[PDB]
There are 2 protein chains.
Amino acid sequence: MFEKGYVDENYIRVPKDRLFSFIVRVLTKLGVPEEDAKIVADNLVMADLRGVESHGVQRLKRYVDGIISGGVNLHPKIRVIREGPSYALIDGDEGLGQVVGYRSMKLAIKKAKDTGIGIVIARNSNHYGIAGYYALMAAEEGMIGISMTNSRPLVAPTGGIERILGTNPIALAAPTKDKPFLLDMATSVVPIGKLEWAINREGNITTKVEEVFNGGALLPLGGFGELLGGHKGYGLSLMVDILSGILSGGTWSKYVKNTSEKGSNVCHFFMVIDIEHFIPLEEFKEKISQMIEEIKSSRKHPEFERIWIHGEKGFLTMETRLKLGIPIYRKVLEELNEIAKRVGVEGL
Amino acid sequence: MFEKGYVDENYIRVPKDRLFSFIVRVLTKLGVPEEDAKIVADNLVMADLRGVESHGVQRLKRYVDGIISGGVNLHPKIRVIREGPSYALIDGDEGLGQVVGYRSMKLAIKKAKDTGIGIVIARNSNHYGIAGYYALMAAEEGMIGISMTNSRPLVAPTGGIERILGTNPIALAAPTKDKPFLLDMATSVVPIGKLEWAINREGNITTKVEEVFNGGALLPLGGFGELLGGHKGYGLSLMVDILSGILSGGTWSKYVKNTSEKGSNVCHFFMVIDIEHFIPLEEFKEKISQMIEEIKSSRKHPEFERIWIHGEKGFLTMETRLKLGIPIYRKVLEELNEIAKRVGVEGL
Ligand SMILES: NC(=O)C1=CN([C@@H]2O[C@H](COP(=O)(O)OP(=O)(O)OC[C@H]3O[C@@H](n4cnc5c(N)ncnc54)[C@H](OP(=O)(O)O)[C@@H]3O)[C@@H](O)[C@H]2O)C=CC1
Ligand SMILES: NC(=O)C1=CN([C@@H]2O[C@H](COP(=O)(O)OP(=O)(O)OC[C@H]3O[C@@H](n4cnc5c(N)ncnc54)[C@H](OP(=O)(O)O)[C@@H]3O)[C@@H](O)[C@H]2O)C=CC1
């Protein structure tokens with residue numbers, strides 16, 4: 001069926017349920033409470049299912065190292081710093097990002113349900129995987145969900161060459177008559193996790209392919225200059241840091257550390273709008289689905305086969321891999337079995 | 001001094017205060033209440049001062065025609081449809097966009113002040129000028145302001161060629177130790193109002209220069225395809241319509257009519273976050289200004305002179321034109337005097 005990425009011989013199909021239980025085995029063996037392990041697995045598996053290799057199991061080694069080094073708190077006391085009927089400022093106590101984000105989004109949904117609006121911001125957290133995972137939580141509840149997060153410095157501001165801004169993604173999910181609308185994008189042309197594109201910044205600023213890791217930097221949405229809107233992708237990145245890092249009293253991208261480090265201080269932004277408080281949900285669903293249908297049905301470009309709606313490719317890719325299995329690269333699969341050997345659990 | 005656009009002989013310096021009083025004369029002569037006329041003038045003049053010609057006085061003829069044709073309600077009964085301590089759904093009753101947006105943002109600021117958060121959405125409104133104008137209102141109050149609006153169909157979705165999406169801008173303003181941070185951008189590479197760029201969509205999809213007006217279409221931030229993130233600018237445009245048009249029970253871009261038409265149904269989104277409810281405002285200002293200083297001071301690209309912060313060029317351009325005067329194109333100035341003659345008031 002349809003699948004977002006290109007899978008060949010260098011890939012091995014792994015039963016979704018198998019990959020999931022594996023992750024849970026490793027995490028619980030390291031002391032992660034079973035329920036928290038299930039949240040992390042759910043988040044990482046969703047990424048693999050939707051075709052986001054960069055944020056799937058390939059990143060399990062990152063969390064494992066963070067747990068072993070004490071850079072990730074196994075029993076975080078996620079505390080509410082400031083709060084109101086429609087908002088809350090949370091301190092993640094260095095817990096897994098998935099756990100901090102899961103609890104933060106659950107609280108935002110609760111507040112929206114009760115007041116119409118829910119805005120929860122968190123600081124002192126860790127990498128939380130795909131932003132769409134949290135936005136979707138609200139959509140599955142019949143509400144609009146928005147999630148953002150800052151990250152390690154990897155992008156250069158317009159007119160500069162240093163890695164100072166994060167890939168800071170933005171995600172919005174809304175319910176429809178069918179599957180939720182789901183926008184989930186890094187504010188840079190591409191995520192660093194992708195490079196296994198367009199973010200061409202070399203030594204002084206060019207491109208290449210491997211000069212990125214060697215003191216290189218990614219480009220913000222819009223591109224290299226100001227001509228094609230590069231300064232806009234740069235602004236969007238700042239919006240994320242202002243709403244996440246600055247407003248929470250946490251920190252911005254430049255100072256976000258790797259997961260293995262204590263005090264990574266990754267910050268997140270969660271916002272939920274209870275559609276029902278505004279207009280009937282069924283009316284909302286009818287109208288948005290009609291918009292989606294009309295957009296898809298609009299005059300296709302000769303070169304193009306189809307006009308997709310955000311989240312569509314991912315849901316189709318998921319559907320496929322659920323009965324066909326999740327394709328995991330060769331070297332990554334080896335990596336996961338080595339992790340299994342190290343911690344002492346059955347591998348894949 | 002510094003100025004965002006290029007001004008030559010084809011431009012005439014007009015005292016800011018002079019341009020302002022002119023607009024107010026024309027509008028009040030057409031029956032617009034004096035206070036509402038001052039709001040419109042303030043919004044249009046700010047655009048000219050910040051160097052946004054496309055949304056300044058050059059658009060006075062648009063509002064004039066709408067007023068004369070009944071497409072703009074002179075005495076709108078701006079009504080609250082749904083409301084809560086932290087939100088409100090407003091129906092603009094076809095009033096001037098500036099009036100609807102001004103009252104909507106004032107309400108959002110009030111709710112944020114009292115609860116920490118304020119989200120006001122409006123439907124049945126009209127073109128409201130620059131989005132940054134409303135976001136700035138909140139920043140000048142010591143809060144974070146976010147504003148969005150949908151518009152007439154001018155952009156083609158990724159993989160298509162029809163004008164179906166709006167240029168739907170996004171604006172965020174935050175207070176700093178100095179002048180407010182101000183991001184204000186269309187989600188398309190450029191606004192249609194600019195074409196007097198990068199939005200290359202011709203007859204079937206290419207570029208050119210004049211083929212845009214002739215059945216052409218603008219390109220979404222990211223560009224023509226999917227390779228450089230074109231689908232992201234496309235998603236951002238939808239986010240705006242979902243938060244503005246769909247959620248409000250109004251309508252999305254494809255169905256937004258020109259100002260002169262009754263029922264233009266332009267919709268807006270306003271969001272205010274009272275910083276103080278989260279962290280001390282003075283701490284917020286210190287931290288964001290430190291981030292801005294560090295970004296500007298980062299390693300400059302050889303080709304580039306300076307790294308700007310969003311809103312900086314505009315504020316500098318304004319500063320200049322306030323003591324040097326606002327430069328108005330030749331043909332536009334003629335247009336304004338003709339309007340003055342038609343309505344019967346002193347021109348420029
Ligand atoms: N935790 C962190 O610090 C970071 C996490 N990330 C995450 O990594 C992932 C990488 O995202 P990124 O590469 O920027 O995004 P992509 O370019 O893959 O996708 C951008 C969005 O556009 C949609 N889309 C893709 N193609 C089309 C099309 N032809 N027409 C319409 N919509 C389309 C996608 O939906 P679909 O789902 O269908 O593909 C998606 O919502 C994200 O999930 C992001 O949240 C990124 C940076 C940092
Ligand atoms: N009412 C409507 O229906 C619509 C209104 N609009 C409005 O029209 C205007 C057109 O905006 P648009 O052309 O997209 O935006 P620009 O590309 O001019 O500006 C994008 C943003 O980036 C900032 N910026 C510009 N150059 C740099 C740089 N080198 N480094 C860092 N930041 C930079 C700007 O600040 P600065 O202020 O300093 O220039 C601005 O906030 C906006 O004000 C928008 O709100 C657009 C579409 C529709």
Side-chain angles (χ1 to χ4, degrees), chain A residues 4 47 50-52 54-55 97 127-133 147 149-152 154 157-159 166-172 182-194 221 225-226 229-232 234-235 238 256 266 268 304 306-317, chain B residues 4 47 50-52 54-55 97 127-133 147 149-152 154 157-159 166-172 182-194 221 225-226 229-232 234-235 238 256 266 268 304 306-317:
Chain A
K4 280 173 59 179
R50 297 191 68 79
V52 189
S54 49
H55 292 70
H127 180 267
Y128 76 9
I130 56 179
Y133 175 83
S147 186
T149 183
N150 59 7
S151 63
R152 300 184 301 97
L154 291 149
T158 302
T167 44
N168 309 350
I170 295 175
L172 184 153
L182 174 61
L183 170 61
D184 188 3
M185 52 166 272
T187 47
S188 57
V189 182
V190 302
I192 191 61
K194 171 167 287 183
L221 179 58
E226 187 177 305
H231 50 295
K232 292 180 177 186
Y234 157 36
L238 295 191
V256 173
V266 176
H268 320 308
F304 291 128
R306 167 184 191 168
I307 292 175
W308 301 87
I309 187 59
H310 304 71
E312 182 167 34
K313 286 179 179 178
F315 276 123
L316 261 54
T317 297
Chain B
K4 280 173 59 179
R50 297 191 68 79
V52 189
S54 49
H55 292 70
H127 180 267
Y128 76 9
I130 56 179
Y133 175 83
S147 186
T149 183
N150 59 7
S151 63
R152 300 184 301 97
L154 291 149
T158 302
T167 44
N168 309 350
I170 295 175
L172 184 153
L182 174 61
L183 170 61
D184 188 3
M185 52 166 272
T187 47
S188 57
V189 182
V190 302
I192 191 61
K194 171 167 287 183
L221 179 58
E226 187 177 305
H231 50 295
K232 292 180 177 186
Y234 157 36
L238 295 191
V256 173
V266 176
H268 320 308
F304 291 128
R306 167 184 191 168
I307 292 175
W308 301 87
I309 187 59
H310 304 71
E312 182 167 34
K313 286 179 179 178
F315 276 123
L316 261 54
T317 297

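Both ligands and their constituent atoms are indexed starting at 1 by order of listing. By convention in this document, chain letters (A, B, ...) are assigned in the order of the sequence lines, proteins followed by strands, and residues within each chain are numbered from 1.
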Check if [X] has a non-hydrogen atom at a distance under 4.0 Å from any atom of ligand 2.
X      : result
B/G311 : yes
B/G129 : yes
B/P191 : yes
B/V190 : no

Taking only heavy atoms of [X] into account, list the atoms of ligand 1 that are under 4.0 Å away from them.
X      : result
B/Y234 : 30 (N), 31 (C)
A/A131 : 45 (O)
A/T167 : 47 (C), 48 (C)
A/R50  : 37 (O)
A/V52  : 9 (C)
A/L183 : 41 (O)
A/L182 : 41 (O)
A/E312 : 38 (O)

Among residues at least two apart in sequence or on other chains, which ones pass side chain to side chain contact (heavy atoms under 4.5 Å, CB included) with B/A171? B/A131, B/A135, B/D184
Side chain to side chain contact (heavy atoms under 4.5 Å, CB included) partners of A/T158, counting only residues at least two apart: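 Expected list: A/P220, A/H231, A/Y234.
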Under a 4.0 Å N-O cut-off, is there an ion pair linking A/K313 with B/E226? yes
I'd like to know if B/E312 and B/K4 make a salt bridge, using a cut-off of under 4.0 Å between side-chain N and carboxylate O. no
Among [options], which one has a heavy atom closest to [atom]?
atom                    : options                        : answer
atom 42 (C) of ligand 2 : B/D184, B/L172, A/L238         : B/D184
atom 3 (O) of ligand 1  : A/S54, A/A186, A/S151, B/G229  : A/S151
atom 46 (C) of ligand 2 : B/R306, B/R152, B/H55          : B/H55
atom 17 (O) of ligand 2 : B/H268, A/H231, B/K194, B/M185 : A/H231

If we only count heavy atoms from C-beta on, is the [X] to [Y] side-chain gap below 4.5 Å?
X      : Y      : value
A/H310 : A/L182 : no
A/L238 : B/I309 : yes
A/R50  : A/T317 : no

Give the C-alpha distance, both sets of side-chain angles, the deciding distance and a yes or no for side chain to side chain contact (heavy atoms under 4.5 Å, CB included) between B/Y133 and B/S147. CA-CA 9 Å; B/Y133 175 83; B/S147 186; over 6 Å; no
Is the shortest N/O to N/O distance between B/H127 and ligand 2 below 3.5 Å? yes
Under 3.5 Å between any N/O of B/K313 and any N/O of ligand 2: does that happen in this structure? yes
Can you tell which part of A/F315 has a heavy atom less than 4.0 Å from ligand 1: side chain, backbone, both or neither?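 For A/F315, no heavy atom sits under 4.0 Å from ligand 1.
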Mode of B/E226 contact toward ligand 1 - side chain, backbone, both, neither (heavy atoms, under 4.0 Å): side chain
Indicate yes or no: does an N/O atom of B/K232 lie under 3.5 Å from an N/O atom of ligand 1? yes
